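1. as a preliminary step, the opening chains of the complex are given here in situ:
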Amino acid sequence: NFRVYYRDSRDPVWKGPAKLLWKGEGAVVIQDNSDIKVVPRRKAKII
Amino acid sequence: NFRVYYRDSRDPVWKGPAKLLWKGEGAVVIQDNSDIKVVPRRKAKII
């Protein structure tokens, strides 16, 4: 299991933790309360 | 003699050539038409 703390878009406040669905190079696909989002890894922290 | 082309402050348009009066580490003191200015070397080019 992975916890992703992410900054989706133009929102300084961070969110999470969100379930991690896919991890690539520069993009993590995460599920936060059934909402699927793509976050650049500069704006996502995985634990 | 040195020609200094500088971007002084909040003015994307570059200016010059001006006359170099003093060169330091990260700051050049220049004379543009009797107007003395201080410019960071990130915003000044010397020839």
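-> On my side now, so go ahead. Numbers count the residues shown, from 1 in each chain, chains lettered A, B, ... in the order given.

2. before we move on, which element is residue A:11 in?
-> Under DSSP states H and E, no helix or strand contains residue A:11.

3. what's near enough to touch it?
-> By Cβ atoms under 8 Å, 6 or more residues apart in numbering or on different chains, residue A:11 lies in contact with nothing. For every residue, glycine as well, the C-beta is placed using N, CA and C.

4. against residue A:19, how distant is residue A:3?
-> 8 Å (Cβ to Cβ, to the nearest Å).

5. geometric centre of chain A: which residue is closest?
-> Centroid check for chain A by Cα atoms, centre = their mean gives residue A:6 as the closest residue, at 4.3 Å.

6. that residue and residue A:15 touch, don't they?
-> Yes. Under the criterion of Cβ atoms under 8 Å, residue A:6 makes contact with residue A:15 at 6.0 Å.

7. give me the common contacts of those two.
-> residue A:32.

8. burial count for the closest residue to residue A:25 other than its chain neighbours?
-> Nearest in space to residue A:25, with sequence neighbours left out and distances taken as Cβ to Cβ, 6 or more residues apart in numbering or on different chains, is residue A:41 at 7.9 Å. Counted with other Cβ atoms under 10 Å in any protein chain shown, residues neighbouring residue A:41 total 15.

9. now swap in residue A:28 and tell me
-> With other Cβ under 10 Å as criterion, residue A:28 counts 22.

10. ok, the residue nearest to it when sequence neighbours are not counted - how many residues close by?
-> Nearest non-adjacent residue to residue A:28, counting by Cβ to Cβ, 6+ apart: residue A:44, 4.6 Å away. Neighbourhood size, residue A:44 [other Cβ under 10 Å]: 24.

11. contact partners for residue A:44?
-> A:4-7, A:28, A:30.

12. what's the spacing between it and residue B:13?
-> Relative to residue B:13, and taking Cβ to Cβ, residue A:44 is found at 39 Å.

13. for residue A:42, give me phi and psi.
-> phi -70, psi -10 (degrees, to the nearest 10).

14. so what's the nearest residue to it once chain neighbours are set aside up against?
-> Spatially, and ignoring its direct neighbours in sequence, residue A:42 is nearest to residue A:26 (7.8 Å; Cβ to Cβ, 6+ apart). Taking Cβ under 8 Å, 6+ apart, we find residue A:26 in contact with A:40-42.

15. and then chain C:
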Amino acid sequence: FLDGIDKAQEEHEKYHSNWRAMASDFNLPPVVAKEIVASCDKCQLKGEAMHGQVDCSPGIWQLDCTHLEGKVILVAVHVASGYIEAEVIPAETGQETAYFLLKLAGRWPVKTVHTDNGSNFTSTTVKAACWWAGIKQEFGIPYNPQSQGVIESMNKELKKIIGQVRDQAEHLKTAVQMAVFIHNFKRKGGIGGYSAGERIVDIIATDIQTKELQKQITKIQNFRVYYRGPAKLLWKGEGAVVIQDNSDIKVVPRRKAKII
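-> Just below you will find chain C, in place on the chains above:
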């Protein structure tokens, strides 16, 4: 020790001291202090210091709309080469972008357009135009301009050129075309010492040439290779063989490789 973890948690709840502070003050291992910090949601306020890389395939074009003197300039850049086509359009509308894209597809082999989510790139007219010309449509992550890092850069470079030729053109469209000309054919540098136009010609010509040569070699150089499964040969040379193993290309020395 493990009872100092409770005091570390209690101090983290108020002060949110970083792992080093807790390790030093409460005499804890780095691992335990780091774990305590990693258990707090309010201390997770930083991503990883990295930068991905954009797609550099020969058939990907990056599009974006810039604004100069109250006029919309639609700019497209060939990512693999740096060759830009720009045009001043009346208003940032989906139809203008669709016309620009249809023009582009007929002059160069656009196999994919990478764009931001702007109201003029997600339109249905652009979708239909892409469907007609067989263009794959990529959209960057919302509000992630770095994804378009190439074209945005050109918006700077292009603009710079327009600032040097503006006095030679009485209207912005002419200056934009002059800037495209200068960037493509009069500004050299880059990977091959080329200019963008020569670079794009080289990229496309090499793509076609390598495609046909590889088709020839495949039609002739046929083999089945067994190493250490019946995979397919790619390149045998210098005692090292490259083998496509069910879409898993593996390079292995000559030993433990049989080309049958």
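
16. in light of the added chain C, please revisit the nearest residue to residue A:42.
-> Ranked by Cβ to Cβ, 6+ apart and with sequence neighbours excluded, the top spatial neighbour of residue A:42 is residue C:47, at 4.7 Å.

17. isn't there a strand covering that neighbour?
-> No. Under DSSP: H, G, I helix; E, B strand; the rest coil, residue C:47 sits outside any strand and is assigned coil.

18. ok, it - contacts?
-> Per Cβ under 8 Å, 6+ apart, neighbours of residue C:47: A:7, A:40-45.

19. between those residues, which has the most around it?
-> Most crowded among the contacts of residue C:47, counting by other Cβ under 10 Å, is residue A:44 at 26 neighbours.

20. show the backbone phi and psi for it.
-> phi -140, psi 140.

21. equivalent analysis for residue A:22, please.
-> According to degrees, to the nearest 10, residue A:22 has phi -160, psi 140.

22. how close does it sit to residue C:226?
-> Distance from residue A:22 to residue C:226, by Cβ to Cβ: 35 Å.

23. residue C:100 - how many residues pack around it?
-> For residue C:100, the count of nearby residues is 22 (other Cβ under 10 Å).

24. touching, it and residue C:76? I think so.
-> Yes. At 7.3 Å, residue C:100 and residue C:76 qualify as touching, with contact defined as Cβ under 8 Å.

25. joint contacts of these two?
-> residue C:63.

26. so who does the closest residue in space to residue C:49 that isn't next to it in sequence touch?
-> With Cβ to Cβ, 6+ apart as the criterion, residue C:49 has its nearest non-adjacent residue at 7.6 Å, and that residue is residue A:42. Residues near residue A:42 by Cβ under 8 Å, 6+ apart: A:26, C:47-51, C:146.

27. let's go with 7 Å and repeat that
-> By Cβ atoms under 7 Å, 6 or more residues apart in numbering or on different chains, the contact set of residue A:42 is C:47-48, C:50-51.

28. can I have the buried ones of these as a PyMOL selection?
-> Buried residues among these (16 or more other Cβ atoms under 10 Å in any protein chain shown), as a PyMOL selection:
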select buried, chain C and resi 47
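
29. now do the strands in the stretch 51-200 of chain C.
-> C:60-68, C:71-78, C:84-89, C:112-115, C:136-139 (DSSP state E, counting those that start in this stretch).

30. repeat for chain A
-> For chain A, the strands defined by DSSP state E cover A:3-6, A:18-23, A:28-32, A:35-39, A:44-46.

31. can you pull the residues of chain A lying near chain C?
-> Contact residues (Cβ under 7 Å from any Cβ of the partner chain) of chain A with chain C: A:5, A:9-10, A:14, A:17, A:25-27, A:38, A:40-45, A:47.

32. please slot chain D in as well:
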Amino acid sequence: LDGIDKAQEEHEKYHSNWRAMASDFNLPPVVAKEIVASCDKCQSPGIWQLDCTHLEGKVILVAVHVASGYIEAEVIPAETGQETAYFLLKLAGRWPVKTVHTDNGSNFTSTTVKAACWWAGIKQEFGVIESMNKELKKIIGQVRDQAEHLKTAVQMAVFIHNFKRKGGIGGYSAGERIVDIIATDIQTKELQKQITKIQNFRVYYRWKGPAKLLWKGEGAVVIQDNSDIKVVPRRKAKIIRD
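-> One more piece, chain D, placed on the ones above:
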């Protein structure tokens, strides 16, 4: 080394060009270019033609690359000097226009178009054109129902004509042909640049008489004295600039 006599003999018996003699014998292209430039018996890519085709009260400016059949077609508001100058500026920006052919029309001879040709470097001059324009007209007639405006139909026809009409020597579209032709032109320009770069050097071997330099290599220096291309070790020949 080795295969130079084979190159010269193959040339005299087949008068072949330098690309063939330098790809089949592995020579420095300057040396092959010199080889073909030794016998009198053995001594384009930027040519565009403009035309106006009138459909449905709209003028379409068509620029045809004569060597490739490559069309750039745009419907323009009017047959004014400004619009044709804009089309020419775009054409120069996208592809390397060197000289341009028109029909001596009123739109193709205005001071605005003259200054656009002067600025972009184009040089004005007054059966590919007719066939290609008829092909564009036919394809526009085919794909007109697929779009409302005529500009979209023109662009669809240009796309089909350039990239979906495969007819020629080996089933090649016009885009492929133009890419190949421009690549060859770039290659020629690089060769001429290298020739002009070395042509200021004079080499003495063993002295003997001066020489013309054709290639300086890591350990092989290929030079030529009186239509005699010979290779020499670097420890034998000395160059100077004059």
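
33. please re-evaluate the neighbour count of residue A:44 in the presence of chain D.
-> Count around residue A:44 with other Cβ under 10 Å applied: 26.

34. then residue C:138?
-> Residue C:138, neighbours per other Cβ under 10 Å, totals 14.

35. chain neighbours aside, what residue packs nearest to it?
-> In this structure, residue C:138 finds its nearest non-sequential neighbour in residue C:114, 4.4 Å apart by Cβ to Cβ, 6+ apart.

36. show me the beta-bridge partners of the residue nearest to the centre of chain A.
-> residue A:44 (DSSP bridges).

37. same question for residue C:87.
-> With DSSP bridges as the rule, residue C:87 is bridged to residue C:74.

38. now do the contacts for the closest residue to residue C:4 other than its chain neighbours.
-> In this structure, residue C:4 finds its nearest non-sequential neighbour in residue C:26, 4.8 Å apart by Cβ to Cβ, 6+ apart. Contact analysis of residue C:26 by Cβ under 7 Å, 6+ apart lists C:4, C:7-8.

39. by neighbours, which of those residues wins?
-> Neighbour max across the contacts of residue C:26 (other Cβ under 10 Å) = residue C:8, 22 neighbours.

40. the residue nearest to residue C:138 bridge partners, please.
-> Beta-bridge partners for residue C:114, by DSSP bridges, are residue C:62, residue C:138.

41. quick check, it in contact with residue C:136.
-> No. The criterion here is Cβ atoms under 7 Å, and residue C:114 misses it with residue C:136 at 9.3 Å.

42. of these two, who's got more company?
-> Between residue C:114 and residue C:136, counting by other Cβ under 10 Å, residue C:114 is the more crowded of the two (24 against 12).

43. so what's the more buried one up against?
-> C:60, C:62, C:138, C:140, C:148.

44. most neighbours among those, please name it.
-> Neighbour-wise, these (other Cβ under 10 Å) top out at residue C:62, 27 neighbours.

45. just the closest residue of chain A to chain C, please.
-> Closest to chain C within chain A is residue A:26: 2.1 Å, counting by Cβ to the nearest Cβ.

46. list of residues touching stretch C:91-100?
-> Residues contacting stretch C:91-100 (Cβ under 7 Å, 6+ apart): C:65, C:72, C:74, C:87, C:89-90, C:120-121, C:123, C:125-126, C:129, D:151-152.

47. check the residues you listed for burial and list the buried ones.
-> The buried subset of these - by 16+ other Cβ under 10 Å - is C:65, C:72, C:74, C:87, C:89, C:120-121, C:123, C:125-126, C:129, D:151-152.
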